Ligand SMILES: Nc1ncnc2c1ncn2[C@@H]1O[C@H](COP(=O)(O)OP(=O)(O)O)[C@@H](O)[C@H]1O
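Form solved without ligand ADP, single chain, as structure tokens, below.
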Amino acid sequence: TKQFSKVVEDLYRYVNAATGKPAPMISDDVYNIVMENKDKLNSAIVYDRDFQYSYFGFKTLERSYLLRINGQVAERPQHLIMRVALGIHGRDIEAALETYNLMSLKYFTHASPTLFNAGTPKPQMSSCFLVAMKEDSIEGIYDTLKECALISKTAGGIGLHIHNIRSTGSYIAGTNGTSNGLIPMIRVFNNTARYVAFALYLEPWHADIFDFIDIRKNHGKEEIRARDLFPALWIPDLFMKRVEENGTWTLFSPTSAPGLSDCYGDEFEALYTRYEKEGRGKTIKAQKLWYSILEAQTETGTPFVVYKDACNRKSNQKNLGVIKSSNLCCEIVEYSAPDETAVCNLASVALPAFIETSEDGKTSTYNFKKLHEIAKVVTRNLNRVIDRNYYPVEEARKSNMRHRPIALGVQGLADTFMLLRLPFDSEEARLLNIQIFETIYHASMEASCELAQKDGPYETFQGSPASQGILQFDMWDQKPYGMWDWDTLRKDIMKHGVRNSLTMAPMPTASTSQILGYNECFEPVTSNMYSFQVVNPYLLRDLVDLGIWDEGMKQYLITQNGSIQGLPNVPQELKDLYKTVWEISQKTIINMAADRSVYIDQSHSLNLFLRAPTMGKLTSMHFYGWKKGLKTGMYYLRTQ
């Protein structure tokens, strides 16, 4: 239509012809805003920026993001972006226009649900939810089920923790019967998910643990499986110790050993230890469970591994109570309770947008000042999203409004390293990683402090680590790299507060990185060849600058896993620079994750890749991340 206000007209007046029901695609609110500002809004759009995408990147928007009329695309990309900008900012036209420009130029983007839903009548802009199992009763299980069903009407993922449901064989008052345990109850939630993804969180001392970790096994032992949901372990340090030292581990039903999931560290160890001596559970060899874990991971990629004590000891939300899960993708570490369902408010900064080639020659630099700036903008966007969001359930509204947690992420890390000619595993990639995550943390906390000065600190700020001057890297007992002035930031925080309980959680970017044409989040390249036929564009240009690219190359690069090691007409500096993730030591991956993590409020989704997997390599890879103090030891195990 080439006129934003007109496509807003069409989308707003849309009527479902099949039924005769008016089916508005835009909220009253955002429609009134567009009309009262139609000239400023319409002439702000730079339609030239629609060509600033790729083919497969534009096709991702076209296939799934751009609003449609009669199955016909009704929005151009600039319209979608301006819709999202207004959906976020409402009446703040100048804030909207800035977000429009920065997003359209590709400095950052917002998570899928924001892009779908910003500026529509039910604007559910948040990626995921962390649900507490409400109580160990039919009532609690079915109240929780209803809530998960309600959450799934507008979709976005669910992380659900079930440490409190009594295991198989457990006694039930007023009946001859005993509990069926977890698996049967998991099958109820699976079925609801199917009717209307799910991650399930459990502590490894739970007596149904062996069955739980095989939830995704292929060999179908009938009604003891549930493929559809993802198991995630919530691992206490004691577990890992016992495995390392080859000792024992005791399985309990939470009704015979209550409170285990309501404490952590030493208080857990003491309470767990007392329960073991009172013969309340069933003892086995720690390594028997360990073995079963790694078999499940080797075969299914699951369960995920997130360290409970690391999460809780190093969370600014520790004044709230004990955090009992993470989320679907293993980056969110936010408190939940029967009446508080934690929400993920996500957006990603495009890291390559800050590469500048300044003062002639091959020299490119990285603009940390512009990064600091854009991270400040996204932090403010994300706060606007807390408030303007549609909450599918009241538990989620209560959680978000009370603690106001935010999750800033990144995309194009690998892209950034490659454009700057840095091998992922170099000392220069290692330093740039630290600096980026430092500036993003400093900027988000600075912007959040500004917000606290304007609107007050979040309700639960007092008594929090941040209020006592304890920032994230402090909880790792480190000094910050020191590109930014932390003293002054910390001073202002203790004086004024921050608006957000939490700020950082580098997530799986997935389809929001496909649109901008960057590699997923903070990962390296899985292949120098994706899909059709597309080779790594940075690699492709280097092979064309040596004049060696042709068809006697496209074949090779295909039937060779997208790898370039072992190509004879290829300089060593190129091999170093375009290692596949299978070709990078996972020790380097974990080291670099440990570096950035001192600057991460929450966690981050650490996918791990093992070429020639053995139970010994996996065990070592796990204990390495664990001794590194990682919160998320592992998202998916990818293999072979």
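Residue numbers run from 1 along the displayed sequence. Superpose the two forms; the largest set of C-alphas matching within 1.5 Å is the rigid core.
Undergrad: Among the other entries of this protein that model both neighbours of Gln411, is it absent from at least a third?
TA: Across the compared entries, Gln411 is modelled every time.
Undergrad: Among the other entries that model both neighbours of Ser531, does it go unmodelled in a third or more?
TA: Across the other compared entries, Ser531 is absent from at least a third.
Undergrad: In this entry, is the chain continuous from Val196 to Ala197, or are deposited residues missing in between (none, 1 to 3, 4 to 9, 10 or more)?
TA: Gap size class: 4 to 9 residues without coordinates, per the record.
Undergrad: If I compare the deposited sequence with the modelled residues, how many are absent between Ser531 and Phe532: none, 1 to 3, 4 to 9, or 10 or more?
TA: 4 to 9 residues lack coordinates between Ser531 and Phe532.
Undergrad: Looking at the deposited entry, does 367-375 or 562-570 carry the larger mean Cα B-factor?
TA: Stretch with the higher mean C-alpha B-factor: 562-570.
Undergrad: Mean CA temperature factor from the deposited coordinates, higher in 376-384 or in 171-179?
TA: Per the PDB entry, the higher value belongs to 171-179.
Undergrad: Report the option among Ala337, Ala85, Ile548, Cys329 whose CA atom has the maximum B-factor in the deposited record.
TA: Among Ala337, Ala85, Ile548, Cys329, the highest C-alpha B-factor in the entry belongs to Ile548.
Undergrad: Choose from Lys146, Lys314, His161, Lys554 the residue with the greatest Cα B-factor as stated in the PDB record.
TA: That would be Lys554.
Undergrad: Could you look up the Cα B-factor of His622 in the entry and say which third of the chain it sits in: lowest, middle or highest?
TA: Its C-alpha B-factor belongs to the middle third of this chain's values.
Undergrad: Against its chain's modelled residues, does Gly629's Cα B factor rank lowest, middle or highest third?
TA: Lowest third.
Undergrad: Among all modelled residues of this chain, ranked by Cα B factor, put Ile45 in the bottom, middle or top third, i.e. lowest, middle or highest.
TA: According to the entry, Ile45 has a C-alpha B-factor in the chain's highest third.
Undergrad: Among the modelled residues of its chain, does the C-alpha B-factor of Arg499 lie in the lowest, middle or highest third?
TA: For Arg499, the deposited C-alpha B-factor lands in the lowest third.
Undergrad: Looking at the temperature factor on the CA atom of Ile69, which third of the chain's modelled residues does it land in?
TA: Tercile = highest for this residue's CA B-factor.
This protein has a second form, the form solved in complex with ligand ADP, left out of what is shown; the following refers to that one.
Undergrad: For the form shown, open or blocked once ligand ADP is overlaid as positioned in the bound PDB entry, with the cut-off of 3 or more ligand atoms within 2.4 Å of backbone or C-beta atoms?
TA: If you fit ligand ADP onto this chain using the C-alphas around its site, the pocket comes out blocked.
Undergrad: Check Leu328 for me: does it contact ligand ADP in the bound PDB entry (non-hydrogen atoms, 4.5 angstroms)?
TA: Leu328: contacts ligand ADP in the bound PDB entry.
Undergrad: My question is simply whether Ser127 lines the interface with ligand ADP in the bound PDB entry - judged by any non-hydrogen atom within 4.5 Å.
TA: Flag for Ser127 set to yes.
Undergrad: Do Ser261 and ligand ADP come within 4.5 Å of each other in the bound PDB entry, heavy atoms counted?
TA: Close contact is absent here: in the bound PDB entry, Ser261 is far from ligand ADP, nothing within 4.5 Å, heavy atoms only.
Undergrad: Taking heavy atoms only, is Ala95 within 4.5 angstroms of ligand ADP in the bound PDB entry?
TA: Flag for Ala95 set to no.
Undergrad: Go through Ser315, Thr416, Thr503, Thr512 and name the one with a heavy atom inside 4.5 Å of ligand ADP in the bound PDB entry.
TA: If I apply the 4.5 Å criterion carefully, the residue I get is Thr512.
Undergrad: Work out which of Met103, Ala111, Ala375, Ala118 lies within 4.5 Å of ligand ADP in the bound PDB entry, going by heavy atoms.
TA: Result of the distance check: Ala111.
Undergrad: Just one stretch in 397-405, 503-511, 282-290, 297-305 has heavy atoms within 4.5 Å of ligand ADP in the bound PDB entry, so which one is it?
TA: Checking each option against the 4.5 Å cut-off leaves 503-511.
Undergrad: Note that ligand ADP is not shown here; using its position in the bound PDB entry, name the residues of 143-171 with a heavy atom within 4.5 Å of it, in sequence order.
TA: Contacts from 143-171: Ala155, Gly156, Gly157.
Undergrad: After aligning the rigid core, which of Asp487, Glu245, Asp550, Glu427 is the one whose Cα travels 2 Å or more between the shown form and the other one?
TA: The residue that shifts is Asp550.
Undergrad: Using the core for the fit, does the CA position of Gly361 change by 2 Å or more between the shown form and the other one?
TA: Yes.
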